[PDB]
Every structure is written in structure tokens, then in C-alpha cells.
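Residue numbers (my numbering), protein chains in the order written: chain A, -8 to 141; chain B, 34 to 347; chain C, 114 to 249; chain D, 114 to 249; chain E, 5 to 283; chain F, 5 to 283.
Quick reminder that beta carbons are idealized off the backbone N, C-alpha and C, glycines included.
Accompanying notes for the structure given below.
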Amino acid sequence: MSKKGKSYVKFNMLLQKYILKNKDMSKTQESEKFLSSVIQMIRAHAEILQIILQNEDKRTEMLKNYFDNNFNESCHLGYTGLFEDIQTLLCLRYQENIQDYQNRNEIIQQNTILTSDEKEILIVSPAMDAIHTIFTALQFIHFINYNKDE
Amino acid sequence: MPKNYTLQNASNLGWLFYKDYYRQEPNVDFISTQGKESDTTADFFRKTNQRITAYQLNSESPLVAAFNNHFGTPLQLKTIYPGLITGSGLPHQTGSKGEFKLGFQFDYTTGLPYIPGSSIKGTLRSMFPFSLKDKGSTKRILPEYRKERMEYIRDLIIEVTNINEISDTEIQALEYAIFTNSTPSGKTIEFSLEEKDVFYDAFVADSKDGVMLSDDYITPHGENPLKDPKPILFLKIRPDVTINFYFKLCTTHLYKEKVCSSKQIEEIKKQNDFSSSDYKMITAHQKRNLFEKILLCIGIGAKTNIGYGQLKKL
Amino acid sequence: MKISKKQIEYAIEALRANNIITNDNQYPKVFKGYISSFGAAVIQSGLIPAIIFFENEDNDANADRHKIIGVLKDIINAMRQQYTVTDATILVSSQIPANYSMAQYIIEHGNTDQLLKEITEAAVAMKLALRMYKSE
Amino acid sequence: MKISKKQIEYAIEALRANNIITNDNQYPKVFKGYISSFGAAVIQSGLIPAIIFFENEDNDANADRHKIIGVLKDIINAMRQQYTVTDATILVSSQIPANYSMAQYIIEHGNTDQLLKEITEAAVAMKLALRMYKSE
Amino acid sequence: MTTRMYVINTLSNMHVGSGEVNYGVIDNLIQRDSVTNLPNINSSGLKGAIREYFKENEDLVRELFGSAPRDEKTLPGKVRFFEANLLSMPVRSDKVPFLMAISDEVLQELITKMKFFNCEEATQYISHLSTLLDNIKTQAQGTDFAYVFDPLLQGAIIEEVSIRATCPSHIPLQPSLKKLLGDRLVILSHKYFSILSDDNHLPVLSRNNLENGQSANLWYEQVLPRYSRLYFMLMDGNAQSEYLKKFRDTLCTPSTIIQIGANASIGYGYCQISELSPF
Amino acid sequence: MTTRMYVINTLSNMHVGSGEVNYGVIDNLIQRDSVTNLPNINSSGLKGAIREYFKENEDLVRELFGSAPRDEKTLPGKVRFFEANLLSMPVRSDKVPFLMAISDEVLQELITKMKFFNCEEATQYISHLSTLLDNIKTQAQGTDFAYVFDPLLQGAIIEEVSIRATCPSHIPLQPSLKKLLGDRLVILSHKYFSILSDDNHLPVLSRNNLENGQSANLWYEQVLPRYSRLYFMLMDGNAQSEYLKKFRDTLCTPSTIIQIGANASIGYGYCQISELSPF
């Protein structure tokens, strides 16, 4: 993540919002299963999210509508408004990634000296990196919150 | 074949009128041009007609008793001399001699002549102002239609209920709640199971001392007054035949020109803003009397503009 | 009941030949109601009485309803023209003669089962073909 | 069967272009059911009857159902702009004319197999694309 | 466990539609079982109708049927609703207004279902139904038949001239079987019954949309005749005893009428549910 | 240590969901085998359903199926399940309400699986099925076929694939093979059976969510037809004999009905499991 932008600030506030300061003494942890479902549906619908992101003008409303349609009653306890923060962070990450990596990737592909393996290693997809950042942040939140280990 | 239509010994009237009417008997021709006006064809159709118009219905019929059991208390009305014609558009015409030209509405299982609930519902909704659809082909006639029907329905509602004065918007809401069971915009109202208006089928219940079916003649004299007219033969429900109208109506609660369920009015009444002036209710009996007056005014069936299907209170 | 593309093609050709679909690809409104009424009459009165209903042209108050029987006969003839040579449920010794009345044809050949199946299929195909084109 | 990203983008473009989503990013709730109904009709009745039934608009066939076939036409056109020559595979690529209705095209030279595949992929793409708008 | 058979007596006409996925000469066609191609009520529609009837009792619906849609605490249902299949259908005749028609294949299907599901009173019913089917097959000897068990119904026309009724005198119909299957029972071969219940012979009701007395739309509706009988299976599925007792008592009360299908406002599809009586 | 083949007789409709991995026109599609594309049941579903049935007997479940996911002490499963592949499917006809459809490729797969796995009574079935397949291929000799082994069923029409069934009289069908494959059996070419089991020809049932009489959601569900037969292999690898005997006795009892798949409360996926009988 780049610290010279609003994405780092949004990441910090998103973590601070949904990190439990006191251990929850509940044997069920319904909110953690909701978080696991959100994680799974983010990693499964990554390509549709990429399609949503690659659209320019109306990507924000499309993101909100897609999350609305995929998740039903997406608020049980704890995580409230998590989707709005996630979508804002994802859009900020995508814009930063477009600023950083796009021209670099285009120039990398046009270089004949580099082999296919090195070019693939060097190339970073903006939308996939943003989705991966959201996925990693959610996994960190799940790791801190869930009582069960492993 | 006999009188006193019963489940034990009686032909299905609908079957006899639609399928057995055109049975391929030997030495009867109604396919060729010459056979259609042959006298054998006329005698064949005449005997079938005689069989159809020879059945009676006892007041204590088990069929109508079962109908009363299943569909609740009936609204008993009788027919005026012209008769009652329904389902006249059903195809029953071969161009032969002595045949019933127009169709007739029979129950499939029972065979008793009946008025389908859709016919009753449409006949009742026609006099209500918001029956014509605002679709573009009716743009011209919608205003006057709505105005005259609104005036007539306001008169009927004021007469039959205890409501002193009702508005056009309240009339719209009442009509949509009664028939569509929703708001005029299509939004569903949170109604309960028993808060629905069901228009069952109307069945013949009693032909007192005569048959329930008869044949009538309509003779259109041509535009040319010198050529002979062309008689038309059809099947009518006889005069003085008891028709049982079965309904399942509810109580309609109106608050601030809006239609609300029983629970919503139960909560609204308790609130310390409940205006008695802005609250109107129509019981099931008042709604039934409204439907009864509509039927006694306009009648039901076909050829109603010329006196057919006119009902009288038993 | 699945209708093949060739049946719909036959329906289109029969509608064109019987002068229902005009040159500019438009058909009178009441013809779809005629088709639906024919199906209902077949269910309600039987095949022979329904065909007698729709072959009688003496009404002169509705539109010309006898064309639908001509379209049905043309579709049936075109379907019979390409029956496979198995001769079990074929019954195609020839086509239906043009000047024959279809009701008489049904009376003469007591194969009401096959004729009923073909007539039902042809009516459905003609309904679909009319749905292809534009009303008034 | 697996939908590519390009087909979903084509579905978004066609849905916006064929006037299904208003400028407020809402689509009428009936269209998802219409897509499901089109799939079920293709399965139960067949490609040709389903296309014919869903393409007509002369009556009150919900006055919006032909927009689905318009979107399918747009998607199939877009998919046949690309993957054009690909001589190693067995597919025929052409541009289906704007004046030709889809029913007319499949009646004429549909071949009913490439068209079946394109229709099912286009329907799936439409469902995925509608998942990113909201019901009115 | 504790599977029971319930019979649906349609007091009025029934239209459970399959949507516009089917195109025939009739606009609106009814649902048919995908195996036997006979009119049927899907288990989803049956469960929905009974849930709509019981909706006032929240505890009963929650315990038995499960959580409503848009409920935070999603909850599975304890009772299992099986598909309603056609038992008897009314057919029009000239000796009588209507007759109750059942086919030998329908009887075999019923026997097989009772054997497989182990209904409450299935033993004696299976015995006597198997006996009746064997006697019917012995009389027919592999031919089309139309057997009536009332001697006055000889020579009757079953909806069509080609289907005429005969009476084998020594084949007995038990009073309990008559109660389950219906009075004026005619048992038809598979061909005759498939002809009588096919799309061309099922009753059609017409509807007209009028605009100031002029016709706008005209469509015809396929319906299942009134007084037709259908059967379905109910599994308790480890449900609470008192809620099940209330459910059974309400469903089997003669005052209870359930609406299944379409066109509820105009009187389509009102039924009575009855339990399988002891033989 | 012993491999036994079991047959799944389906008493209702089956929906085992593929789960959005396979997109299609229908929103909910059933599970199909990876190689043959025929409808099947994943072994995880079979194990889950049977474990759900036997949940009452903790000792049997622990010894045979394994430990519950939440248990701290891990216990492997001792009984090894295998996926249930389609054996025979009902197809609509005109002479009989339905026929039991099998294909030459399905029979060959059954023979190959029996050879590979060495079922308990594999030898006799392999011999007789090989005889049947050789006779059928000698009779058809390279053409598309549809063979019925009951003379009364001659000339039956398969409605979906409009072909008539011809009876070769010199090919005998043993009674044990009739018990296995099913009564009223038709053996078709691979193409006919593929069309019959295709996505375009399997039953689709419409389901609607009504919000105060108006449709909220609408979706379509693919279902495996009622009475379809599926077979699976069961390995009793290193299991205690008494628990195995109790499991086999309970599973093969005619009173045992198993629910496999989705829509349990509306009677989807109720099966009966029978063992491979001796020839």
C-alpha cells in the first residue's frame, strides 16, 4: 500500500473501526461467520469486481449495488457499514494503482529483453491488487477477531 | 332425459350442448351446403334442444346445498321475463337449421348453467370509476367515464353506508382495495387472509315450477325493409329462476384517503391523533348491499341493453 | 409439444399464400383471436364441430374466418409432403384435395387421432408465425 | 459453462444501450424474472418458439420483453465482431442485421447450435450484468 | 416418521399455472407432473397455500414451516410437504352429470407410493387396492376398458362416444375405497385416461378484457375440473406434538377451505383437505 | 475390505445443487458427472445424508463416518463412500405412463466399474450384462436403437426423442437384471440418452416468492425425475463388524427413507437404498 495517499488513511480507520478492543465471550461468533462469508464472496467474485472497477464513471454505484445484491441483511452485530468503507478503500486503491502501475506495465510488456517469467513477475494488475489488499485487510480483521485459532 | 336435474339421473347440460349437440349420427348432414337446411338436420337439432330445455332444479337440490355449504350464505336473486344470457361469444354456430346459434356458460363438472366469478367481478367493476385502463387508446373517453361513474358510485356508497361524504380519492382507494386489493399505484397493502374480496361463481338454484333453460328468438330485420328477416335462436335462463350469488367480502377501513388493514387501524385508533372524521369503514354487509344494488340496477350477462339478464330481489 | 423450424416456415408460406400476411408484412388484428378461438372450440366441441364452425362463411359479420382453415390445410399438406417412409402413423396416401371440405375429409378418414395431432401442431405453428409479424 | 469478462462488458454496454437501466441506475424488477423465464422457455418449448414469443410487442406482452431480445442481439453481435476467423474451430461468424429480427434470422439460417450456445452465454452474461444494478 | 396421506377435494376450478414456458393452442396451461404428465400441484405451491392459511398463528408457522423470508433468524421447516398428484377427475356423461375417473396406472402409482412411504392406514388400503387392480386386469385381459361398479351406469358415454362403460359384476368396490376414490367411479385403461386428461380434453374457461363494452383481450384458460381429487404425503419430521395436533385438526376440519393456485379473487382453486380414513 | 454396490431408488424429485460453478439459463442446476455429464450425486452429499440419518446413533457415526467437525479428537472415517452415478431415468411414452431408460454406454460403465471394484455379487452380473450388451450390439449393428423387452411395450413412443421402441425377441432380460435396471426398460443409443438427460430436456420447476400476493423473486430449478435409479459403491475398509452389520441392516430396511439434496421440506430428494441382490 502507498502511504502518500488517502488509501492508507482509509486502511487505518477501517482497521480501527472493526478491531475488537475487548475479547468477545460468545461461543458462537455470528459476526465472524458473516466476516468469513464476506471474505469468501470477495475472493470468489474477484473477476466481476475487476469488471466493475475497470468502468470509469459509474463504478462507485455499481460497486454499491453489487454488494447490495450479493449480500442480504449484511449487518448482524459488530460490523456496521463495513461495505461502504470497503468500497471506498477499494476505489482509492484502484485509483492509486492506476497512477502507479499502468504505464509501468505497458512499458514492461513492450521490452523485448525481458523474458515472459520476469515480465509476469514484474507486472502488477491494478484491480487485482486492490481486491487483494481488501482481502488481506479482511483476513487481518478476521484473524484478530476470531477466537478460534488455525 | 327426465326432469329434476340430479346427480343420479341427468345428462351433463354442457356436454349435451357442446359435444353431443354435433354428434355424427347416421343419415344426418350438417357439413354440406344442402344438408344444413335439410329437414333431417332440423329435426336432429330440435330433438337435442328439447332434451336440453326439459330439466328442472329442485330448491332442495343436494348440488346447491353443497354449494351453500362450501361458499357460504347465498345472495338469492330471480330473473325477469327476457331471461339471462351469458357466454354468448362461445362458438356454437354451424349455419344449420334449428340450432342454437349463441354459446352458453355451463359448469364443466356439474353442468348447471352458471355465471363465472370473473363475469360478476367485471360487471361490478364496470360501474366503478377506475375500471378503464389509462393506456392511450382510452385517453379521450377516460375523463367522462370516470366522472359519471364516480357520481353514480358516490350516490350508491352514501345510500348504502353511514358515510356522509366521500371524496374521489377515497372512492379510488375503495375500488382498488375491493377489486385489486392494493393501492392505486399497485403497492400491496398488508392484508390478512380473511381480508380479501372473493367473487365466487353464481349458480342456478331454483326453477320453481318450470324448466331452467328456454329458447328465445332475436329476429334482426334487415337494413332493406323488403327482404325477409333472419331469425336467431339461442338458449336463455328462464324467467323466475333463482340465481345464487356467492361472495366472500371483508370490512374496508379508510383512514386519510388510504386503505389500511385491521391491525393498522387497530394501532391507528389508539394513537392520540385519531380523527374520527378521517376514518371511514364499510362492513361486509354494506359492501354486499352495494353489490346487490349494482346488480339490480344494471344486471348481468349479455344483451343487457335490451333487457336480458335483469335481476329482481327474491 | 415442440414445434420445428420447418413447421413455422410452412405456416409462414401458408399465411402468405392464403393472403393473410400482406406484401408489407402485416396481418389483420382479429386473426390471432380466430386462432385462439379455434383452439378453444377444438377443446370444447371436438375437432369436427370446430372445423364446421370455422368453415362456415355465412357469418358475414366478423372478418373472413374461412382463411384459417385454408392455412391449416396448407400446413397439413406441407407437413405430409415430408413424412418419412415408415407408413405406421403416416396415412399420407396423398395430400388433402384443395376443393375438399376439411370436415368431410375428417369424416371419411376415421384417423381422428393423427388428424387431431397435426391440426393442433399446425394451429400452434400458425399462432407462432402470426406472433412473428405485426398487428394493426 | 464459463463466461468471459468480455461478454459481461458487452452485456453492460448492451443493457445501457438498449434502454433498460434508467439514468438513475435502476432497472425495473420484472427484467430478472424475464431473463429467467426466457431461459426456462428455451428449455421447455425450444429456441425458436421462445424467441418468437419474447420478441413480439404488438399486444400487451409487458411492452418491455422485446428489450431482452434486443440485448441478446447486441451481445451476440459483439461476440461475433471478435473470434471471427479462428479457422481451427467450428463456428460461423457474421453480423446479424439490425433490420432482421432474431426470430427471422434463426428461421432463415440459424443452424440452431452455434445460436443455442450464443443465446445461453448471452443470457448468463445478462444475469451477471444485471447483478450490478438495483431494482426499482 | 409418521407419514400420512391427505386428499385434496377441489370445491371449485383449479388453475396452477406453469407460466408462459409452454405454448399450446390455449394461452394458459396448468402444471403437469414431469413423469406421468398428469395434472399436479407442486409441493412448493401446496406449502405456500397452507402457510398462507396458517400465517395468523406465528408459533405454529415458525415451528412447522420455518422462518418467513426476510427474517433475521433463518429457521428450517420441520414438516415435509410432498407433491399433490391427481387421484380422480370428473368426466362428463349422459347417464349422470359427471363420473369420477381413475386409471389403472394411477392406481398402481398410488399402491407403489403407499408401499414406499408407509402411510398411516396403508395396510388394508394396499391389500384391497391390489385386489381390485388384479381383478380389473383379469377382466380386461390386455384391452381398453371402462369399468363401472354401479349396474345403472351401463352403456354410459365417458366424455366421448368411443369410450363406453361396461360393468363386471363380480369385481367388488369396498365402501372405504369408494369414499377415498369418489362416487360413480369409472376405472379406465391408460389410453382412455390419457385421452381424457390431455391438453385437448381438459376444460377451458374463457376470459375477456373489456374497455367500455368493447373487447380488448380474449384468452382462454386451462383449468382442472371442480370436485377433482388429489393426494399428497405429509411427514411429521420430529416436530412438536401440540403444534402438529393443531395443524392436523385445523387442516381436517370440514369448515377449513384452502386456496391453491391462481385467480383467487374470482373463485379459482378452493379445496378441502381430508385425512386418509381407516379402512 | 468388502465392496458392495447399492442402488438409490428416488421416491420424489432430486435437486443436488452444482452451486454456481456451472452457469446456465436455469438459475439452479443439478450435479452432473465430470466425465460423462450424466446426473450424479457427489459422495460428500451421500455421506452427509446418511450421517444425518444416523445422527441418533453416536457410536455408529463415530466408528463408521468419523468425528464431528467441532470435536477436538480427530477420528478418520472407516467406511468409504463413492459417487452415485445415474443408472436409469424415466422417459415419457404413450403406451405406458413412463419407461425406464438406460443406454449402452451406461451399461458398459456399470460393467467396467464392477470389474474394477469387485462388488460382492459382481461376477454373475458382469457375465449377464456382457451377454446383454453383445446381443444388443449384434442386433443394432451400428445404428441408433431403442429396444424394449416386453412384447406389450412394442411401438412405444419416446416423446422427447420421437422414436418408436422395437422389441428384439431373441434378447432375453433376466429377472434379476429387471430388478436392477427397473421395470419397463428401454435401452437406447448414447445420443438418444444424452438428449433425454440433456439440460434442454430435464424437468424444470418454477418457484415464486409472493410478497402479499405479488411476485418478489422468481427462479427455476432443475430436478432429477422421480423414480430415477442411481448406483454407488461402498467400501467397508477396516471397520468393526457389528457396526457394519447394523448399518447395512438399517440402510437396506424398506422403512428407511433418506433425504439427499436440497429443498428437503418440500419433499425433494427422498430415496430408498437397496443392495445388489444375488443373481
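- The bridge partners DSSP lists for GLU225 (chain F) are F:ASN32 and F:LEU209.
- Residue pairing for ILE148 (chain B): DSSP places it in a beta bridge opposite B:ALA235.
- The DSSP-derived three-state label of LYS241 (chain B) is coil.
- By the neighbour-count definition (other C-beta atoms within 10 Å, threshold 16), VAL190 (chain E) is a buried residue.
- In this chain, the beta strand (DSSP E) harbouring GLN109 (chain B) covers 108 to 112.
- In this structure the stretch 143 to 161 of chain B does not lie against the stretch 179 to 197 of chain C, because fewer than three pairs of beta carbons, one per stretch, are closer than 8 Å.
- Contact annotation, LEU50 (chain E) with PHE85 (chain E): C-beta distance approximately 5 Å; criterion of less than 8 Å satisfied.
- DSSP places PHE63 (chain B) in no alpha helix (DSSP H); its state is neither H nor E.
- The beta carbon of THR225 (chain D) does not come within 8 Å of any beta carbon belonging to chain F, so the residue lies off that interface.
- The beta strand (DSSP E) runs lying completely inside the stretch 101 to 145 of chain F and spanning 3 residues or more are 102 to 107, given in chain order.
- Counting along the chain, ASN89 (chain E) sits inside the beta strand (DSSP E) bounded by residues 88 to 96.
- Nearest C-alpha to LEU46 (chain B) among E:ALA243, E:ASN122, E:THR147 and E:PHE102: E:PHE102.
- Looking from the CA of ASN96 (chain A), the closest CA among A:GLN78, A:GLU87, A:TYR85 and A:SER116 belongs to A:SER116.
- For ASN13 (chain F) against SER278 (chain F), the beta-carbon gap comes to about 6 Å, under 8 Å, which counts as contact.
- Cβ proximity to chain C below 7 Å picks out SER158, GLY159, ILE161, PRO162, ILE165, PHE166, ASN169 and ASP171 from the stretch 151 to 171 of chain D.
- Non-local C-beta neighbours of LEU177 (chain F) in its own chain, meaning closer than 6 Å and more than five positions away in sequence, comprise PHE153, ordered along the chain.
- When the five nearest sequence neighbours on each side are left out, the beta carbons in the same chain lying within less than 8 Å of the beta carbon of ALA75 (chain B) are those of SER129, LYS130 and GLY131, in order along the chain.
- For the pair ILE99 (chain A) and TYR(-1) (chain A), the Cα-to-Cα distance works out to about 27 Å.
- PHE85 (chain F) carries a strand assignment under DSSP once its states are collapsed to helix, strand and coil.
- In the displayed model, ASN44 (chain F) falls within a strand according to three-state DSSP.
- With distances taken between CA atoms, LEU6 (chain A) lies nearest to A:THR71 out of A:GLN93, A:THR71 and A:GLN86.
- When rounded, the separation of the alpha-carbon atoms in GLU122 (chain C) and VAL205 (chain C) is 20 Å.
- For the stretch 223 to 247 of chain F, the beta-carbon criterion of a distance under 8 Å to any beta-carbon of chain E is satisfied by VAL227, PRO229, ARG230 and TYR231.
- Ranked by Cα distance from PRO141 (chain D), the first of D:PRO162, D:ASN172 and D:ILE181 is D:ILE181.
- Per DSSP, the continuous alpha helix (DSSP H) segment holding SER107 (chain A) begins and ends at 107 to 113.
- Nearest Cα to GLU163 (chain E) within the set B:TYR341, B:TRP48 and B:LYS345: B:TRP48.
- Taken in chain order, the unbroken stretches of alpha helix (DSSP H) that lie wholly in the stretch 158 to 223 of chain D and span 4 residues or more are 160 to 168, 179 to 194 and 215 to 222.
- For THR221 (chain B), at least one C-beta of chain F is nearer than 8 Å to its own C-beta.
- In this structure the stretch 130 to 139 of chain E does not lie against the stretch 59 to 77 of chain E, because fewer than three pairs of beta carbons, one per stretch, are closer than 8 Å.
- In the structure shown, the three-state DSSP call for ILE162 (chain F) is strand.
- Here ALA98 (chain B) is exposed, its C-beta having fewer than 16 other C-beta atoms within 10 Å.
- Annotation for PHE50 (chain B): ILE85, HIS125, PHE133, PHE137, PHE139 and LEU268 place their beta carbon closer than 8 Å to its own, counting only its chain and skipping 5 residues before and after.
- Annotated three-state conformation of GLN138 (chain B) is coil, per DSSP.
- The stretch 87 to 102 of chain E makes contact with the stretch 221 to 241 of chain E: 3 or more CB pairs, one atom from each, lie closer than 8 Å.
- The DSSP assignment places -3 to 8, 21 to 35 and 37 to 45 as complete runs of the alpha helix (DSSP H) inside the stretch -6 to 55 of chain A, in order along the chain (cut-off: 4 residues).
- For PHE212 (chain B), the closest Cβ of chain F is not nearer than 8 Å.
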